[PDB]
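J.: Kindly generate the corresponding structure for this input.
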Amino acid sequence: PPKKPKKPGXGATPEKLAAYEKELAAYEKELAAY
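T.: Residues are numbered from 1 along each chain as shown. The protein structure is shown below:
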């Protein structure tokens, strides 16, 4: 099963947050495919 990405907390930067959105959408895609 695809690993769930962790949200940057406390000190998140928009770039890493965007990467989180990408990896989250990817997680949803791989979870859906699974």
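J.: what about residue 34, how many neighbours?
T.: Other residues within reach of residue 34, judged by other Cβ atoms under 10 Å, total 7. Every residue, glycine included, has its C-beta placed from N, CA and C.
J.: That one and residue 4: what is the separation?
T.: Distance check for residue 34 against residue 4: by Cβ to Cβ, to the nearest Å, it reads 12 Å.
J.: shared neighbours of these two, anything?
T.: A shared contact of residue 34 and residue 4, defined by Cβ atoms under 8 Å, 6 or more residues apart in numbering, is any residue touching both; here there are none.
J.: any idea which helix or strand carries residue 30?
T.: For residue 30, the host element (DSSP states H and E) is helix 14-33.
J.: Mind listing what's buried along that helix?
T.: When neighbours are counted by 16 or more other Cβ atoms under 10 Å, the buried residues of helix 14-33 are found to be 20, 23.
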